[PDB]
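The block underneath contains the structure these notes are about, expressed in structure tokens.
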Amino acid sequence: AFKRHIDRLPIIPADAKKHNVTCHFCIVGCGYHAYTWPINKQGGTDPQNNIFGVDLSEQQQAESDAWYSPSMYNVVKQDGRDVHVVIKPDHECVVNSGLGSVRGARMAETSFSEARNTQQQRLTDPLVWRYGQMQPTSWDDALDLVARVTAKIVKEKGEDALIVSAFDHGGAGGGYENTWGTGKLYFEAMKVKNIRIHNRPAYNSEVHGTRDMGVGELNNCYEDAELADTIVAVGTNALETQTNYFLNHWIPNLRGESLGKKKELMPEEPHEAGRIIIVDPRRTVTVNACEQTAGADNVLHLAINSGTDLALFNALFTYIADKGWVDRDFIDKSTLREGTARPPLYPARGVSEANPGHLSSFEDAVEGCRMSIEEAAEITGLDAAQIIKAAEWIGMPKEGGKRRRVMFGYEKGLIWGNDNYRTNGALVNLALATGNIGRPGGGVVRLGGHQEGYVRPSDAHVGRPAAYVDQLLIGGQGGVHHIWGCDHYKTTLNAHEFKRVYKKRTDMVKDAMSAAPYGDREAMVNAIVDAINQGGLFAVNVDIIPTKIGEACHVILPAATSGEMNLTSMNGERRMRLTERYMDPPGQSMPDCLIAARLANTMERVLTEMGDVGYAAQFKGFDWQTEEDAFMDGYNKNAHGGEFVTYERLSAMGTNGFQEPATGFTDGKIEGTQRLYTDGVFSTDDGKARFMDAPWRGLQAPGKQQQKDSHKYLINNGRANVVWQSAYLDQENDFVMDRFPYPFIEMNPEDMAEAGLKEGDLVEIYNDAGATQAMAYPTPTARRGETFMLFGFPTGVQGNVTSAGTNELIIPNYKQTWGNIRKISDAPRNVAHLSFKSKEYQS
Amino acid sequence: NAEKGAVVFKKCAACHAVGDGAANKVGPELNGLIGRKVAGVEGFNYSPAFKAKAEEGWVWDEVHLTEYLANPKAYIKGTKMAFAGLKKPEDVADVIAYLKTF
Amino acid sequence: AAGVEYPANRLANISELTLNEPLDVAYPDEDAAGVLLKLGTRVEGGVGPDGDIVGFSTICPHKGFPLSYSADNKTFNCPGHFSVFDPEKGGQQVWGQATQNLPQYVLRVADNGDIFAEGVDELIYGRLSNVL
Amino acid sequence: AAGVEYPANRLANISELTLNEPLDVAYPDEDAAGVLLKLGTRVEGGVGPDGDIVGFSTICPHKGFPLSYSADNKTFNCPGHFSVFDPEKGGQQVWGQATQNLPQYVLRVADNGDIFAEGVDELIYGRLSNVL
Ligand SMILES: Nc1nc2c(c(=O)[nH]1)N[C@H]1C(S)=C(S)[C@@H](COP(=O)(O)OP(=O)(O)OC[C@H]3O[C@@H](n4cnc5c(=O)[nH]c(N)nc54)[C@H](O)[C@@H]3O)O[C@H]1N2
Ligand SMILES: Nc1nc2c(c(=O)[nH]1)N[C@H]1C(S)=C(S)[C@@H](COP(=O)(O)OP(=O)(O)OC[C@H]3O[C@@H](n4cnc5c(=O)[nH]c(N)nc54)[C@H](O)[C@@H]3O)O[C@H]1N2
Ligand code: HEM
Ligand code: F3S
Ligand code: FES
Ligand code: FES
Ligand SMILES: [Mo+4]
Ligand SMILES: [O]
């Protein structure tokens, strides 16, 4: 077991500099403070000499504010000097109440330190492929090369020849400043069609379904999880994946702690402790935690078959409708009453690839969705009595004939799940029917991934459906690829084939550049374009570390992440906060928004020199000298209620910030929006929510049924609580890599014994799409035939065995993956030290 | 003295609430207490060894309570309150003077 | 003055330990609750003739919740936020919200079988110095 | 105490210093020799109104020979094993056998104009703690 042997940390002095910090990582956006002080100063154990006003010579008790773990401490550069830094959860933040997850609590030790030797992988300099390997260079040189190859290729073959992969998310590697800077370059200065997002291979919404219905996916607050009668959690592992939303808001509800606040805020109806339905084919540590805090009686784990959520939801919708367990006044006042004709190709296909589901009235949707309890039981493999009880827990009125309050939460079990558009619709039907949108204790929401920080010019040019960018690249199309803050090599679908072809195409450009004179730039440029014209690809990577796809790239530009810059984003509550810079960018790294502006300025110069002043003029408006310039040009001018939000005002409001959209500014307070759709007016032209006529049609993505039928195991996939995303920071963090040097694949002990497998063994998962490796982790709670592999992991990429299969809107159907498992080798010696016990807490 | 029972209660507050609003947590609310029955509080899930020791008939008199806050574990073998239990018997007496309010 | 100076404290005798039953201990002072534990198998940090006696801080390194032992799985379990620690593998967090594996005691068994703690390998919950 | 406790010692006044002539000094006590140096150009760790006043350990970090100052080059020069240190670049070893750049002083100029040293950015030669 990895031990730091740090016996003692520096005490934060009374006069330490305080910085408001939102967590770098997940949607929850837990509040923190960064305290910095000079390297040659320290705090005293007496109250007058430390930041807490507490005597630290005495043991502190459970939930103390006057403590921090080693991972919360580092030494970092600030205004070009080494300072102590502690990055501590804010006890006074309403989100976390001073909770920090295993991830956010290591912001400090996953920071860059020369003095303590943390994250020396961090990029410091521009790198260019020349002289037969990657070589550090100047910004001026690197940007000039990128612009000369980009300008030539789009001038010669059109903007369609420029391919872009980029973050669209908030927090570190995203945020309002960085989405605006990249958005303005590719959508204002240019009209880039062939752009994909960090987690999906086209420029699409995860949730067109809810949005087409007029229900924005983040419509509630975190309090509603405290105030619900029932929580319906669909394809979320919230304890691992939305940790402090679960711990600080769901738990109090399930335990009754919430009952006092319920009665104060909603007298005039009955309130028992919250119950929870969990729709997930796999028994998680989330199912366990719920049982253990509210008792098995109050928890309905619906262990559906993989990708059958839509059948379950249509049956709940049918049953609830037939009983009249619906908010009649809500339906009549706030939803579309006008009948509309089914598309010709219904129910197999929508009116088009663009519109796979039919929007309609309550009554048309019910008859469309219509499914018997018996049939859903067949499809889901649930028992009738589970589905009926789930209906009662959602629908059946409370004593005085009062409406049951239900918060509906979903994430990637649904979104990366079967028939994204229809499943998303079928779940919204339930929340709409029961008037659980825009009321206390309600909502039908994404539980989220990253924080949100999206502001970009119009993407109208991109189309719907948008270009399947990975298929363009695999098919030998495009000339230049700009990659910002994502790593397809670890996280895209059909990743094995993506890598096979991506390597061949970038290799063609590499061989050309190794063979050509660099010091004569024009000859270097012409050798690149000639190689592109033979089917090569010139690749530029904008990142903070050397990525896996970066091993195929010709130019690397080093980015500064949150904390090295000011960054604004909002949580799964729309809670907007300013992360205040507390440290310096490593080496010459610069914020993504300022890289975009610099590339824009270089595009302007190169295009002027090539003698196209008209195209060059499109790349004006990029004179930003700091991330705040990007905030003011982007969020301030373009966000709904942006005119009320500045850094100064956001700073004054601390880690609680304010809920978007902002309605006004009154004496040092931005006024916000606690809940969306409180007036029952939805995000549509006429203000009515639409229901969705969303009939079950099996596994809708091409080749999925075939893959299920022709392979022995389900390769379910997703997150570990310890690992953040593709382990870009974690891979140089001994604590995480000590726990999982290989990605685990959760396997039933009986399944392992039948396959000659023991704990720790290295196994090849293989199928039609490709092959990959993982370490077998014996999991008693796992159903036979059903495995779970950690995703996006550098030492074994699950994406290699996910097919190219998407829905009609190019949403990647990652979760419905089947393959075979054979042994590669016996447990490597480096797994011998691993615990193989249950992740499930025992009372 | 109940003043320096509040200081000793810092070791309970994580699992136990007392005063206006006090709700069940990892442990049951501890309002009143002196005059309440074992396995008493409504809502809380007591262990098959804390239910078994209500069956026979008990109360939280100050002598039964001193034995618990000193060695909870083997004194009521199978109790969900695993925890060393206050070793100084004058602190057992301070925190119960705090419990005397509420 | 450069390192923390750790007392060599007497905790128990090897004779005081029953197989799989945690003996409640404090190290390096009264307010640093932990346990000794015989595991009936040879493991990392283990002392005594079988090399099966381990010592751990028993205050969750996440938020200071007292931990509880499960005899069936031989795991510390936190009822705070559901952390699990494996004292067969050096107190590795099997799952949990701590950024630390369970702080573990440097044990020495003298000739009479008296067990001593000479240090801790991680920062104890609720103190910014393992020695206060 | 997790860190070394540096005293805040008066060493001189801004007015005592001539352009490019080192003033002999000692910090953090009298047995650690060093200089204050006004370089006439703005530099790393350089305090005063021109940002050009620097303070350094003048004992070679290799094996502790005292360093000479070259007025012409503005460099410290070690007659021990020919090491050269650049006081205009935070004491970077231009060339030499030391595994450290020249230990430099955290200087503060007061309103009255007195120069206090409050810290040192590297281990001084011949002490295993900067404050003994
Ligand atoms: N099979 C399978 N595949 C999946 C999923 C799944 O469930 N199953 N999940 C999908 C989902 S939900 C997601 S979010 C994607 C994630 O896919 P990726 O986005 O590829 O994964 P991350 O690890 O978040 O990648 C972030 C990258 O940005 C870099 N970075 C961090 N901060 C900055 C910054 O400030 N600037 C710049 N320029 N770069 C920065 C990191 O170093 C890293 O390379 O994976 C998807 N892939
Ligand atoms: N610790 C940690 N937390 C994170 C992240 C991280 O990397 N690590 N990343 C963040 C990001 S970008 C995201 S998108 C979120 C993802 O958050 P989640 O979506 O909650 O996490 P996943 O593990 O991807 O998948 C959730 C659950 O979907 C289930 N599932 C699989 N197939 C199906 C199906 O057909 N139906 C249903 N109903 N469920 C199914 C899986 O068993 C799994 O338990 O987590 C966020 N938070
Ligand atoms: C000084 C500190 C504490 C005091 C005075 C205290 C007091 C009590 C009392 C009087 C009871 C029984 C009351 C009843 O039956 O209603 C009890 C039960 C309980 N306490 Fe505590 N407690 C303390 C600390 C803790 C801690 C730290 C935890 C958990 C980590 C905890 C968890 C529990 C649990 C789970 C029960 C229920 C026992 C069962 O169901 O078998 N307590 N406590
Ligand atoms: S600490 Fe960070 S990772 Fe998510 S749960 Fe809280 S935001
Ligand atoms: S205190 Fe143990 S998991 Fe939070
Ligand atoms: S003592 Fe100065 S160079 Fe060796
Ligand atoms: Mo995501
Ligand atoms: O995401």
Side-chain angles (χ1 to χ4, degrees), chain A residues 24 27 62 165-167 169 171-175 178 197-200 206 411-412 415-416 448-450 483-493 495 541-545 547-550 557-562 564-565 567 589 591-592 595 715 717-719 724-729 789 791-792 797-799 801-802 812 814-815 817 843, chain B residues 8-16 25-30 33 36-41 44-51 53-54 60 65 68-69 72 76 78-83 85-86 91-92 95-96 99, chain C residues 65-68 78-80:
Chain A
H24 296 157
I27 182 64
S165 298
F167 63 84
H169 65 70
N178 292 334
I197 297 169
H198 57 285
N199 64 2
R200 58 208 188 259
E206 291 185 11
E411 201 45 33
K412 295 266 147 52
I415 294 170
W416 299 153
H450 297 266
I483 307 156
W484 305 70
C486 54
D487 200 339
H488 302 326
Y489 267 44
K490 290 185 288 184
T491 60
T492 197
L493 89 170
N541 190 26
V542 184
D543 211 273
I544 57 161
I545 63 136
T547 58
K548 296 304 193 162
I549 193 154
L557 299 173
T561 206
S562 200
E564 302 150 26
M565 69 190 277
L567 190 135
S589 65
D592 288 274
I595 296 172
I715 321 305
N717 54 81
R719 270 71 183 170
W724 174 244
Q725 287 289 93
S726 74
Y728 61 90
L729 292 179
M789 189 172 166
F791 96 107
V797 182
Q798 192 276 338
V801 296
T802 70
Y814 298 116
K815 304 298 195 185
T817 296
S843 209
Chain B
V8 174
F9 191 71
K10 286 176 187 268
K11 310 198 178 172
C12 326
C15 300
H16 289 302
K25 314 201 310 188
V26 170
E29 141 260 20
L30 288 190
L33 198 47
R36 115 139 141 247
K37 221 196 69 157
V38 162
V41 185
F44 191 92
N45 179 6
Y46 294 100
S47 53
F50 228 80
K51 288 217 305 297
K53 208 174 165 56
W60 286 120
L65 196 66
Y68 191 61
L69 308 196
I76 316 196
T79 182
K80 270 168 189 154
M81 183 154 147
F83 164 81
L86 276 40
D91 265 349
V92 171
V95 78
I96 287 173
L99 246 27
Chain C
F65 270 71
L67 301 175
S68 76
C78 194

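Here is how names work: the chains are called A, B, and so on, in the same order as the sequence lines, proteins then strands, and each is numbered from 1. Ligands are counted one by one from 1 in listed order, and the atoms in each one are counted from 1 as well.
We find the NE2-CG distance between A:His488 and A:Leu493 to be 10.5 Å, quoted to the nearest 0.5 Å. Rounding to the nearest 0.5 angstrom, the gap separating the CH2 atom in B:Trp60 from the CG atom in B:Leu65 is 6.0 Å.
Nearest protein neighbour of atom 30 (N) of ligand 1, counting heavy atoms only, is A:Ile544 CG1, 3.7 Å. In terms of protein heavy-atom proximity, atom 8 (N) of ligand 1 is closest to A:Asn717 OD1, 2.9 Å. For atom 5 (C) of ligand 1, the closest heavy atom belonging to the protein is A:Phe791 CD1, 3.5 Å. Closest to atom 42 (O) of ligand 1 among all protein heavy atoms lies A:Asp543 OD1, 2.6 Å. Scanning all protein heavy atoms for the shortest distance to atom 1 (N) of ligand 1 gives A:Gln798 OE1, 2.7 Å. With hydrogens left out, the protein atom closest to atom 13 (C) of ligand 1 is A:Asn199 CB, 3.2 Å, a heavy atom. Among all protein heavy atoms, the one lying closest to atom 38 (C) of ligand 3 is B:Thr79 OG1, 3.7 Å. For atom 26 (C) of ligand 1, the closest heavy atom belonging to the protein is A:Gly485 O, 3.5 Å. Here the protein heavy atom with the shortest distance to atom 10 (C) of ligand 1 is A:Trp416 NE1, 3.4 Å.
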Inset, instruction - Let me see the working for A:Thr547 and A:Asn541 under side chain to side chain donor-acceptor pair (under 3.5 Å), right down to the final yes or no. - result: CA-CA 8 Å; A:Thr547 58; A:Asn541 190 26; 2.5 Å; yes
Legend entry - Pair A:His169-A:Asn199, side chain to side chain contact (heavy atoms under 4.5 Å, CB included): steps then yes or no: CA-CA 10 Å; A:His169 65 70; A:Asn199 64 2; over 6 Å; no
Legend entry - side chain to side chain contact (heavy atoms under 4.5 Å, CB included) assessment of A:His198 paired with A:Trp484: CA-CA 8 Å; A:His198 57 285; A:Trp484 305 70; over 6 Å; no
Legend entry - Stepwise side chain to side chain contact (heavy atoms under 4.5 Å, CB included) check, A:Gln798 with A:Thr817: CA-CA 10 Å; A:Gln798 192 276 338; A:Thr817 296; 3.9 Å; yes
Inset, instruction - Carefully, step by step, assess B:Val41 and B:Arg36 under the rule side chain to side chain contact (heavy atoms under 4.5 Å, CB included). - result: CA-CA 9 Å; B:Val41 185; B:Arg36 115 139 141 247; 3.4 Å; yes
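Close N/O approach between B:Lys80 and ligand 3 is found [any backbone or side-chain N/O within under 3.5 Å]. When only interatomic distances are considered, the shortest N/O to N/O separation between A:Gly173 and ligand 1 falls below 3.5 Å. Among the atoms of A:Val542, some N or O lies under 3.5 angstrom from an N or O of ligand 1. Where the criterion is an N or O separation shorter than 3.5 Å, residue side chain and backbone included, A:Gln725 meets it with respect to ligand 1. Remark: ligand 1 and A:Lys412 share no N or O pair separated by less than 3.5 Å (distance only, no angle test). Annotation: B:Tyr68 places no N or O atom under 3.5 Å from an N or O atom of ligand 3; distance criterion only. Of the N or O atoms in B:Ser47, one or more lie within a sub-3.5 Å distance of an N or O in ligand 3. Of the N or O atoms in A:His488, none lie within a sub-3.5 Å distance of an N or O in ligand 1. Considering backbone and side-chain N/O of B:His16, one or more are found under 3.5 Å from N/O of ligand 3.
When non-hydrogen atoms are compared, ligand 1 lies under 4.0 Å from the backbone of A:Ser726 as well as from its side chain. Residue-level proximity to ligand 3 for B:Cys12 is carried by backbone and side chain together, each with a heavy atom below 4.0 angstrom. At a heavy-atom distance under 4.0 Å, only side-chain atoms of B:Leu30, from C-beta outward, approach ligand 3. The part of B:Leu69 lying near ligand 3 is the side chain, judged by heavy-atom distances below 4.0 Å. If you look at A:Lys815 next to ligand 1, the close heavy atoms, those under 4.0 Å, all belong to the side chain. Under 4.0 angstrom from ligand 3, there are no non-hydrogen atoms of B:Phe9. Heavy atoms of A:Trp484 found under 4.0 angstrom from ligand 1: none, in either backbone or side chain. Only the side chain of B:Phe50 comes within 4.0 Å of ligand 3, counting heavy atoms alone; its backbone N, CA, C and O stay farther away.
Taking 4.0 Å as the cut-off, A:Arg719 counts as a neighbour of ligand 1 on heavy-atom distance. Contact annotation: A:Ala560 has at least one heavy atom less than 4.0 Å from an atom of ligand 1.
For the pair B:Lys25 (side chain) and B:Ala13 (backbone), a donor-acceptor distance under 3.5 Å is present. Remark: the backbone N or O of A:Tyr489 is not paired with any side-chain donor or acceptor of A:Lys548 at under 3.5 angstrom. When atom types are taken as modelled, the side chain of B:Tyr68 and the backbone of B:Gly85 share no donor-acceptor pair closer than 3.5 angstrom. Between the side chain of B:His16 and the backbone N or O of B:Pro28, at least one donor-acceptor pair lies under 3.5 Å. A:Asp487 places a side-chain N or O within 3.5 Å of a backbone atom of A:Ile549 that can act as its donor or acceptor partner.
Applying the 4.0 Å criterion to heavy atoms of B:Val26 picks out, from ligand 3, the atoms 35 (C). With ligand atoms numbered from 1 in the order given, ligand 3 contributes 27 (C) to contacts under 4.0 Å with heavy atoms of C:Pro66. In the vicinity of B:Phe44, heavy-atom distances shorter than 4.0 Å reach the ligand 3 atoms 35 (C), 37 (C), 40 (O). Taking a cut-off of under 4.0 Å to the non-hydrogen atoms of B:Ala39, the atoms of ligand 3 that pass are 15 (O). Against a heavy-atom cut-off of under 4.0 Å, A:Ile545 is close to the following atoms of ligand 1: 42 (O). Each of the atoms 44 (O) of ligand 1 lies under 4.0 Å from some heavy atom of A:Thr547. Residue A:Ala559 has at least one heavy-atom neighbour below 4.0 Å for each of these atoms of ligand 1: 36 (N), 37 (C), 38 (N).
Closest heavy-atom approach to atom 32 (N) of ligand 1 among the candidates A:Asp592, A:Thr561, A:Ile595: A:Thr561. Comparing A:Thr491, A:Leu557, A:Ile549 against atom 21 (O) of ligand 1, the shortest heavy-atom distance belongs to A:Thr491.
Residue-environment remark: NZ (A:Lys815) exceeds the threshold of 12 foreign heavy atoms within 6.0 Å. More than 12 heavy atoms of other residues, nucleotides or ligands lie within 6.0 Å of NZ in B:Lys53, so this atom counts as buried by the packing criterion.
Side-chain N/O atoms of A:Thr561 and A:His24 include no donor and acceptor closer than 3.5 Å.
Counting only heavy atoms from C-beta outward, the side chains of B:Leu69 and B:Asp91 never approach each other to under 4.5 Å. No side-chain heavy atom of A:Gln725 sits less than 4.5 Å from a side-chain heavy atom of A:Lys490. By the 4.5 Å heavy-atom criterion applied to side chains, C:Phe65 and B:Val26 are counted as neighbours. Residues A:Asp543 and A:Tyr728 form no side-chain contact, since every pair of their non-hydrogen atoms from C-beta on lies 4.5 Å or further apart.
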